[PDB]
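Notes follow once the structure below has been shown.
Laboratory data are not the source of any read-out in this text; all were calculated from the coordinates shown. All Cβ positions, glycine included, derive from the backbone under ideal geometry; neighbour counts span all protein chains shown.
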Amino acid sequence: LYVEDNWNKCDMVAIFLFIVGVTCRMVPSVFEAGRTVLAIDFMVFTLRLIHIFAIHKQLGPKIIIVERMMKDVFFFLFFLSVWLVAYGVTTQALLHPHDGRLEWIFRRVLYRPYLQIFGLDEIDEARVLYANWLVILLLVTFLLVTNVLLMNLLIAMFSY
Amino acid sequence: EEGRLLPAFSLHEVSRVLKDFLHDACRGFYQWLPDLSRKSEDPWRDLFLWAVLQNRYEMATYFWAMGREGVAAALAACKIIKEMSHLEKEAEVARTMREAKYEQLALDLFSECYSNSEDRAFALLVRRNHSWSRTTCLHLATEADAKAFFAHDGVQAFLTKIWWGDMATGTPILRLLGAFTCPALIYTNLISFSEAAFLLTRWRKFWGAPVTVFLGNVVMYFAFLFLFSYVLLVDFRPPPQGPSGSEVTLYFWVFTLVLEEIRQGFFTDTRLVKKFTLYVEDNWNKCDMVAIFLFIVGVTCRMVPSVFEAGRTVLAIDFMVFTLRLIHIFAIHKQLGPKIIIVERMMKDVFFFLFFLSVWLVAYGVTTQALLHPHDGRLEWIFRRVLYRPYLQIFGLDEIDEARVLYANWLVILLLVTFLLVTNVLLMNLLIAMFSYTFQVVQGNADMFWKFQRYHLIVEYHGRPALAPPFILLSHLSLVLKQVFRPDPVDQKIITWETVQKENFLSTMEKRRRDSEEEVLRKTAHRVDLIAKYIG
Amino acid sequence: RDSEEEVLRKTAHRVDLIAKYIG
């Protein structure tokens, strides 16, 4: 019966996070990680706060519809990730064939598509030709196919 | 008149032109003429042809009615009809011919027989047709491209039963993944298995099912994409030997892949040109051909040290091609399919959209530049700026800032605003309008084309040889070595069952027509007319 | 002529005349 409801399950995860965070007091050496866990648990309680919202007449429908469409977000992970990794990795190879430290390359190649989602400092040094124009075209087609389309289909399904 | 080198034409030309319409479907017809005195082997089919050719619809309908083995006819006929559309003289005569809709008859018959004893329905669907010169119904549907027929649920039922082959069962997506992860788990009863050598047979039935080989090969190819990418990233090394070791390691398997592709494309064949057109038909095989061409031309990088850079760029292009190829696996899923089909359908408007944005950008920026400056010492820098600005504008002034610090600026503002609205707001609102139009009205076509590609991939991977790509080389060797070394009552019962079902169907349709309300009105009108007459 | 409303009206006139002739 208790396992049935999802909200009680979220409460169980929250209290588990609280318990494992309480170890921060137990361990002085790893206090930082314990604090991070406690922040995670705080975020869990924040998510738990939402359960009260749908109770209202006007708020209810919106909440239910958002939760129903909330399944497509884990799906949308696929195409954007594929296009981003394809694009950036290929451009990097053209830009350079060998990096002295993997780390900095990791930071740049991670930030760019991550940055791209939110909308070149490392890139600027490299720029100052054949590779750039194809990157432009792939950027444009990507822009259209994910942002324009997979959102138009999503609002279509949301109205449905 | 072309073959020779009371109307003159004889059955020779009839059989010739029929073989022309359908190559292997109706080739054995009328086997240079026979003695006319002899009666035909099966008249009803001949007369059905005679009618459908002359486009006498109701006649052909009845001619089918009293004809056995109906469903294959109700397909071949529609094939011939749709074929005889581009060779139509009168557009008016072409429209009614295009209004044949013979496929609906086959659909109704197959639905009827599927309703009862599907174990017989599937057997029929794969039963060879003596009447139609020993051909398979599915091949007929292909030659006819009767997509709607495939959209029948019983079709999908048969496909799904095949899709897991002998193993069948519910086959949970997760449970199957886990069972495949642990080879020991196979022997246990995690999922249902239909009815040491016994364990060998069970493992064979496990890895023989279509989904299994499909998942295995797609996973291996995807991981090979990943490893090839890594090789391109840092392992694309100078002409020392170890470097080339990475290249040969990543390239020999690619050669094995192209060998497997040729095997799938050429020996899936009457003539070599036939199989060539078969391979050229599918777009995905065309993308594979472009990919392997890119791989070959990139392999020249190893050949030329001086131009290694360009070769590396080409290899990156080929990597991107393989990335695009990876998408083909996505639409297979139920939920993913429709979205993929709709996106591909709308993917045509993107090359169109090239027009307006480009025109507005070149107009705006070039004009502003002229106002900004009348002469540039170097074209290059001007090229970089004037290219980056509208390119930059699409993605959302450093050179511009120096120029700024008045009459030209405000008109640039207004043109920027109207451009913003007309492309970004409008040509996207119209695009989402057309996208909803697709995903609703052409949603039927989307589901149809999706199930179509589903059937295609299913039957294709059925023919996937029983081996991994490495051993597939040994499989081809075994096949070449084998090459160098080298009932009726049941069928009658099934045909009779089909005939009974057809008779029941037609009787039911006529009975439904009898109780039609308009017929009731007309009959009551005739009755009241007669009654008023008898009254006076 | 074959319009369904016209059919209804004609049948109504006919049944009126028939009921009249009956009585």
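Under the rule a/c < 1.5 gives rounded, and otherwise a/b versus b/c splits prolate from oblate, where does the stretch B:380-536 land using the Cα gyration tensor? Verdict is oblate for the stretch B:380-536. Modelled spin labels at B:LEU427 and B:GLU281, positioned 7 Å past Cα toward Cβ, are 3.7 nm from each other. Amide H contacts under 5 Å for B:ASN129: B:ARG134, B:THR135, restricted to partners 5 or more places along the chain or on a different chain, H placed in the peptide plane at 1.01 Å from N.
Computed over chain B, the per-residue total of -39500 (n - 2.57) for DSSP H runs of n ≥ 4 gives a 222 nm mean residue ellipticity of -23500 deg cm²/dmol, rounded to 500. For the stretch B:377-460, the square roots a ≥ b ≥ c of the C-alpha gyration tensor eigenvalues yield an a/c of 1.5 or more together with a/b not exceeding b/c, which makes the shape oblate. A straight line joining the Cα centroids of the stretch B:30-55 and the stretch B:228-283 runs 51 Å. Under Stokes-Einstein, with the Kirkwood radius over Cα pairs standing in for Rh, what whole-number D in µm²/s applies to the stretch B:136-290 at 10 °C and 1.306 mPa s? Estimated via Stokes-Einstein, D reaches 81 µm²/s. Note on B:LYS511 and B:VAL14: with the Förster distance fixed at 30 Å, the Cβ-Cβ geometry gives a FRET efficiency of about 0.15. Once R0 is set to 60 Å, what does the formula 1/(1 + (r/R0)^6) return for the Cβ-Cβ distance between A:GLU122 and B:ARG68, expressed as a FRET efficiency to the nearest 0.05? For A:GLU122 and B:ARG68, the calculated efficiency is 0.20. Each of C:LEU17, A:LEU153 has some number of other Cβ atoms within 10 Å of its Cβ, and from fewest to most they run C:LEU17, A:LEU153.
Note on B:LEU185 and A:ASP99: with the Förster distance fixed at 35 Å, the Cβ-Cβ geometry gives a FRET efficiency of about 0.25. Put in order of Cβ neighbour count within 10 Å, fewest first, the listed residues B:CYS78, A:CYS24, B:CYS137 become A:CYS24, B:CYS137, B:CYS78. Taking amide H atoms as placed 1.01 Å from N in the peptide plane, the amide H of B:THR171 lies under 5 Å from those of B:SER192, each 5 or more residues away in sequence or on another chain. Among the listed pairs B:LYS101/C:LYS10; B:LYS161/B:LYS482; B:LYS19/B:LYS334; A:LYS9/B:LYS339; B:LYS19/B:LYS348; B:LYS79/B:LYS274, a Cα-Cα separation exceeding 28 Å is found for B:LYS101/C:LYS10; B:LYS161/B:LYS482; B:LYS19/B:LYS334; A:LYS9/B:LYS339; B:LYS19/B:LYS348.
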